[PDB]
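Worksheet: the structure to be examined is printed underneath.
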Amino acid sequence: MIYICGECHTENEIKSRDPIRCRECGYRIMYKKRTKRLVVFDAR
Amino acid sequence: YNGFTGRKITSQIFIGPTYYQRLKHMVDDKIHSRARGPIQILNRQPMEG
Amino acid sequence: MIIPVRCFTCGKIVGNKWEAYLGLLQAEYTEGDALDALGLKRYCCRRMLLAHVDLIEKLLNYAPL
Amino acid sequence: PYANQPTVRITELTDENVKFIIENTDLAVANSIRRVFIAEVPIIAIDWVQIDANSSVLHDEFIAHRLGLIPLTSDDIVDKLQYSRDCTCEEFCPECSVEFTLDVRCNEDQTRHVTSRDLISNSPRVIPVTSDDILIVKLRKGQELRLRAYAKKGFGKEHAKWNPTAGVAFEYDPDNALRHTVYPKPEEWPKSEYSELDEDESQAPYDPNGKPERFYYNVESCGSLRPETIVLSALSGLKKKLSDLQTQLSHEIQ
Amino acid sequence: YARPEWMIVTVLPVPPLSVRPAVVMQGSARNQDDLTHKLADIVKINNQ
RNA sequence: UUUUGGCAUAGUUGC
Ligand SMILES: [Zn+2]
Ligand SMILES: [Zn+2]
Ligand SMILES: [Zn+2]
């Protein structure tokens, strides 16, 4: 999975086994990327 | 003017802008119903899940 | 947050008038004169621009992601 | 036991509004016309939004809701469209909808205003009305907004975005000759713009045989339709509703 | 019933488990009831 | 092939 660093915005891949850390800043907050499933709204 | 019939309303209505606030107590957070649900482990009576 | 597209009451378009409104205030218009210049007669529409708070400007100070 | 012979006198016609007078008509018919102006004139408005990518400060539902209220030039194309649910297409087609695409990437060091100008239609006859322009959102550097949408035929009874009018002024008996309203102190009340009273007068004398007639209209268009077109489509739609009810009643009687 | 002889506690009743249930947690962490703790203390002292 | 669950302290809030 791809995560976005919370301080330097770097998309980096992370497995389900390793501790999370930005691989060019060392930052310890990561955000999941937006889903690729189609999302549809009525404009009401 | 009455919205349905279009007739003038006999009395004259006090109207104007006013600051209103939408309080946090929405109904969708306060509505619930129970029928044959998760009873307590000690008292065997209905319990707040 | 951002200017509503429609006046809530009468449904007049008011979303395309915020920037012009601010521009007229930089032209040293009184706020009544600015609202008249934008052709807002009903006080329902005038309420929209006169009481709007453009908080989105404050929100664009924070970094994107 | 028969219809009135109503007469029209247009007192003003602009691109923003039409002001006119209907005489020799019942109050109920006039109010029904005033009501059909708001709730039953079909126009085109955005009602299906797929957001492929949003990075703006506004969440997706905010952008979709704002897009729905964008008024679209639907002068003649609305008549030849069909309601989507009535259309037999596989969910969308040029006979029941108009496709829009928006793709704005703010890759600059200035706040990029995503306006109605950025909405791009697949049909030239259905554009945003302002195409100054209606602001959809403001974007910071590195923020993208990319979506497609479809705008379909509907009327204001379903949702207010299909409302074509921007306020329908309606009046009758400006001098209060019928006393449908009773002023406690008639001196205090300003004259209507259609009043025929001199300023020493405050109220027309009471009319025991009066009946509401000469209804004054001022229909302001939001911009989706010309006000002439609003009124004509309103009368056509109300006649269509009554004829459909006539058909169903004839079936029920038989 | 209720002879005064029986007022002095010579044999103490042990309630069933339905009165002092051992609530399970976070997998199999069995948390005991306060009654079970008091009975644990009493049985330890009586064993001594 | 049909599940189930912490509790009992304090606070805040609603009528
Ligand atoms: Zn980082
Ligand atoms: Zn308004
Ligand atoms: Zn279709």
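Lettering follows sequence order; numbering is per chain, from 1. No hydrogens, no waters, no symmetry mates; every other heavy atom, side chains included, goes into these values.
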Is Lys33(A) close enough and on-axis enough to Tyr3(A), meaning under 6.0 Å and within 45°, for cation-pi?
no
From [options], pick the nucleotide closest to the side chain of [X]?
X: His25(B); options: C7(F), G14(F), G6(F); result: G14(F)
X: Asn31(E); options: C7(F), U13(F), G6(F); result: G6(F)
X: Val24(E); options: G5(F), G6(F), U13(F); result: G5(F)

Determine whether more than 12 heavy atoms belonging to other residues, nucleotides or ligands lie under 6.0 Å from atom CZ of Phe8(C).
no
Check the SG atoms of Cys25(A) against those of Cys8(A): under 2.5 Å or not?
yes
Starting from [atom2] on [N], measure out to [atom1] on [X] and report it in whole angstrom.
X: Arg36(B); N: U4(F); atom1: CZ; atom2: P; value: 19 Å
X: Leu23(B); N: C15(F); atom1: CG; atom2: P; value: 9 Å
X: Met47(B); N: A8(F); atom1: CE; atom2: P; value: 10 Å
X: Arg30(E); N: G6(F); atom1: CZ; atom2: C1'; value: 12 Å
X: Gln21(B); N: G14(F); atom1: CD; atom2: P; value: 14 Å
X: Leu35(E); N: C7(F); atom1: CG; atom2: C1'; value: 15 Å
X: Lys24(B); N: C15(F); atom1: NZ; atom2: P; value: 11 Å
X: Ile39(B); N: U4(F); atom1: CD1; atom2: P; value: 13 Å

Would the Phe37(D) and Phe170(D) ring centres measure less than 6.0 Å apart?
no
Quick one: are the ring centres of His180(D) and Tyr172(D) less than 6.0 Å apart?
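Yes, ring centres under 6.0 Å apart.
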Walk me through it: do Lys161(D) and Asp47(D) pass the test salt bridge (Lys or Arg N to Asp or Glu O under 4.0 Å)?
CA-CA 9 Å; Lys161(D) 70 189 160 169; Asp47(D) 201 52; 2.4 Å; yes
Looking only at heavy atoms, which two atoms of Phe41(A) and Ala64(D) are closest? And how far apart?
CB-CB, 3.8 Å
Can you give the dot-bracket line for RNA chain F, where a pair is Watson-Crick or G-U wobble with both atom distances under 3.5 Å, crossing pairs use [ ], and | marks a partner on another strand?
...............
